[PDB]
Amino acid sequence: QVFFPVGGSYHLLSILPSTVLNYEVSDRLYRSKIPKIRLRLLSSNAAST
Amino acid sequence: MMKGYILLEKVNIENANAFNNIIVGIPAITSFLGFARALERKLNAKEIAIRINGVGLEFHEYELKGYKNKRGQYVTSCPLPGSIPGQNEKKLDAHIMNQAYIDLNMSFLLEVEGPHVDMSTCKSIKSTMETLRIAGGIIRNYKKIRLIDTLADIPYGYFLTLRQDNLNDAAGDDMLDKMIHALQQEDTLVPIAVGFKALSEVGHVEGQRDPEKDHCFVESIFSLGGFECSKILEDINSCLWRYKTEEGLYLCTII
DNA sequence: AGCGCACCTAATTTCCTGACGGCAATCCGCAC
DNA sequence: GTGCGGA
RNA sequence: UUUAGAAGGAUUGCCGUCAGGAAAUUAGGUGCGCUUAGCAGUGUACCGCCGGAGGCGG
C-alpha cells in the first residue's frame, strides 16, 4: 500500500499483481530474441499455496 | 526568487528494488518522484517553504546483484529470509519469494518554486537528504548540492525520456505485440513502469495503512523509454517528469 | 600553412580422441 | 499436532 | 510520505596418460619541403666585526 498525490491531498493505493499478464509475457518471450531474465525463486509447494 | 533549478550530484544508492511483476531492472518512476515529494514534505515541516514540480533522472553507472552466465544471461541473487509474521513464524527456515535488487549512481535535477531559492535552501536539502531513502535503498554518499542556470553546468551522463510514439505506432494486434516488435526494431529502448490504473471504486475498506484517507485497488501500467546524452539535449523541460491524475488513472509523464 | 596516391590481390587438402563422473541439508499455509 | 494437494 | 516496512548460504575435495603441419612462389613503376628569427633575474653572493640566536662596516 502506497500514497499518491491527487490534487492537494493524497490517495492510498493497494497494488494487486497480474497473473494473466505474467503467463502471457513468458510464452511470447520464449520464441523471441530480445533480452530476458528467468527468475528461479519459487518452489513447488509455495506455488501451490 | 521564485523559480529555479537545483542539482543533486552523483548519489550512490545501494539495494533498491528492481521487480515490477514483468520487469527486472531500473526501478519504477513513481519511487523517484516519491523521493522528491518526501523531501518536500520534510522541508515544509522545518518551515522552509518550497514546492518541487519536476524531476530529471540522469544515469552514470549501475550494477545488478547476481552474476552473468557463460551464455550471456543474468542470474539474480537474494538475501537469506529471516522471520516473517504469520503462521509458520517460530520455525527456523522461512520461505523464498520473488525479488531483485540493483545498485545505482545517479544525479537528480529538481525544479523548485518558492519564496526564496538560495544556497541556504541547498544547505537545508543537505541536512535532510541523510534521513531519506531512494526506492527502498540507503544513500551512501553524495558529491555536492548546487544551483544550475543553463544546460552547460549539468555533468556528463544519460537521461531517461518517454517514448510513447514508438509504441502507439508499431505493428500488431495487441499492445504486447506492439511492445515486442518495437523492441525488435530499435535496440536502444527499454520497457519502464509509469504508474497505476484502477480496478475498483474509491471507498473505505478494513485494514488500511492510514484509516482516514481514500482507497482504491490498483494495477501497474507499463510503457517504453530511451536514453539521450546531456550534450545532445535541446531544452531543460524535455527531461522533467511530472505527476498527472485523470479519473481512474495515476500517471507520470514528460509533457 | 597544407598536404600525406592512383590499381589489384591476398591458393589449394586432410583432419581436429578415446574413459568416468558432475553431493549431501533447507526454503508449505491451512482446516480440524 | 496432523495430513493435503498440485504442478 | 517511494510494489512501504524485515533478512548469516555453508562445510569437504588428486583431471589425467599419448602424439611429424607440410610442399610451391617476381611487390612494382612516378615525385621541389619551405618563407622568417637577437638566450640568461645583474652571473653571482667576497673579506672581517660584535657577540651569547639576533646584528652591523667595506
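Refer to the structure above for everything that follows.
Caption draft 1: Quick look at the protein's contact with DNA strand C. All residues adjacent to DNA strand C are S43, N45 and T49 of chain A together with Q87, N88, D93, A94, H95 and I96 of chain B. Sugar and phosphate atoms form 80% of the subset of DNA strand C atoms that lie within 4 Å of the protein. For DNA strand C, a phosphate oxygen lies 3.0 Å from a polar atom in the side chain of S43 of chain A. Here a phosphate oxygen of DNA strand C and a side-chain polar atom of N88 of chain B are 3.4 Å apart. Each residue belonging to the surface near DNA strand C can be placed in one class, and the counts come to 2 nonpolar, 6 polar and 1 charged.

Caption draft 2: Region of the structure containing the protein's contact with RNA strand E. Close contacts around RNA strand E come from 27 residues, with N17, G34, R41, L80 and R133 of chain B the closest. If you look at RNA strand E and keep only atoms within 4 Å of the protein, 56% of those are sugar or phosphate atoms. Between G34 of chain B and RNA strand E, the recorded distance is 2.9 Å, taken from a backbone N or O atom to a phosphate oxygen. Within the side chain of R41 of chain B, one N or O atom sits 3.3 Å away from a base oxygen of RNA strand E. Broken down by secondary-structure element, the contributors of at least two residues to the surface near RNA strand E are strand 1 (2-6) and strand 2 (9-15) of chain A together with helix 1 (29-43) of chain B. If one sorts the elements of the surface near RNA strand E by residue count, helix 1 of chain B sits on top with 7 residues. A per-class count over the surface near RNA strand E returns 12 nonpolar, 11 polar and 4 charged.

Caption draft 3: Expanded view of the side chain of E111 of chain B. Residues and elements named next belong to chain B. With respect to the secondary-structure elements, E111 resides in strand 5 (residues 101-113). By relative accessible area, which is 11% here, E111 ends up buried. There is a polar contact of 2.8 Å between the side chain of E111 and the side chain of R242. For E111, the residues in contact, after removing those within four places along its chain, are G4, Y5, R51, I52, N53, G54, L240 and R242.

Caption draft 4: A nonpolar patch on the surface, seen in detail. There is a patch of nonpolar side chains on the surface, built from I37 of chain A together with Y62 and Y74 of chain B and spanning about 310 Å² of accessible area. Note that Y62 of chain B resides in strand 2 (residues 52-64).

Caption draft 5: Quick peek at the layout of surface pockets. Computed from the structure, the second largest pocket encloses a volume of approximately 390 Å³. Taken together, 18 residues form the lining of the second largest pocket, with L167, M175, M179, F222 and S223 of chain B sitting closest to its centre. Contributions of two or more residues to the lining of the second largest pocket are made by helix 1 (20-28) of chain A together with helix 3 (165-168), helix 4 (175-185), strand 10 (214-229) and strand 12 (249-253) of chain B. When the residues that make up the lining of the second largest pocket are grouped by side-chain class, the tally is 12 nonpolar, 4 polar and 2 charged.

Caption draft 6: Main features of the pattern of salt bridges. Residue and element names in this part refer to chain B. Applying the stated criterion across every chain yields a total of 7 salt bridges over all chains. Note that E111 is salt-bridged to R242, the shortest N-O span being 2.8 Å. Here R242 lies in strand 11 (residues 242-245) and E111 lies in strand 5, a separation of 131 residues in the sequence. Accessibility expressed as a relative area gives 25% for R242, which makes it partly exposed. For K213, the salt bridge is made with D210, and the minimal N-O distance between the two is 3.8 Å.

Caption draft 7: Structural context of the nonpolar core. Ranked by internal contacts, the top residues of the largest apolar core, which has 44 residues, are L8, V11, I29, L57, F108, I134 and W241 of chain B. Breaking this core down by element, the ones donating at least two residues are strand 1 (3-17), helix 1, strand 2, strand 5, helix 2 (119-126), strand 8 (158-162), strand 9 (189-198) and strand 12 of chain B. Broken down by element, this core gets its largest block of residues, 7 residues, from helix 1 of chain B. Core analysis: the next-biggest nonpolar cluster, separate from the first, contains 10 residues, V25 of chain A together with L176, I180 and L224 of chain B among them.

Caption draft 8: How the structure looks around the interface of chain B and chain A. Contacts between the two partners involve 40 residues from chain B, matched on the other side by 28 residues from chain A. Carbon and sulfur atoms make up 66% of the surface buried where chain B meets chain A, a total of about 3400 Å² over both sides. In this structure, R28 of chain A engages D177 of chain B in a salt bridge whose closest nitrogen and oxygen atoms are separated by 4.0 Å. Our count for the chain B to chain A interface comes out at 9 residue pairs in polar contact. Elements with a contribution of two residues or more to the side of chain B that touches chain A: helix 1, strand 4 (74-76), helix 4, strand 10, strand 11 and strand 12 of chain B. Of the residues forming the side of chain B that touches chain A, the biggest block, 7 residues, is contributed by strand 10 of chain B. Relative to strand 10 of chain B, strand 2 of chain A is paired through 5 bridges, and the arrangement is parallel. Looking at the pairing, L12 of chain A lines up with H215 of chain B of strand 10 of chain B.

Definitions and limits used
- Residues numbered from 1 in each chain as written, not as in the entry; some residues may be left out.
- Chains lettered and ligands numbered in written order.
- Part of a larger assembly, values for the part shown.
- Heavy atoms only, no water.
- Residues with missing side-chain atoms left out of burial classes, pairs and counts.
- Near = heavy atom within 4 Å.
- Polar contact = N/O pair within 3.5 Å; in protein donor to acceptor, adjacent residues only side chain to side chain.
- Nonpolar A, V, L, I, M, F, W, Y, C, P; charged D, E, K, R; others polar.
- Helix = DSSP H or I, 4+ residues; strand = E, 2+ residues; numbered from the N terminus.
- Buried < 20%, exposed > 50% of the residue type's maximum accessible area, 1.4 Å probe, protein only.
- Contact = heavy atoms within 4.5 Å.
- Patch = residues over 30% accessible without salt bridge, like charges linked within 9 Å, V, L, I, M, F, W, Y side chains within 5 Å.
- Areas by Shrake-Rupley, 256 points an atom, 1.4 Å probe, with all protein chains shown as cover.
- Salt bridge = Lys/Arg side-chain N within 4 Å of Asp/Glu carboxyl O.
- 1 Å grid on protein atoms, 1.4 Å probe; cavity = no way out; pocket = protein on both sides within 12 Å on 5 of 7 lines; lining within 4 Å.
- Points joined across faces, edges and corners; volume = space filled by probe spheres on them.
- Core = buried A, V, L, I, M, F, W, Y, C linked by side-chain atoms within 4.5 Å.
- Buried area = accessible area lost by both parts, 1.4 Å probe.
- Pairing = 2+ DSSP bridges.

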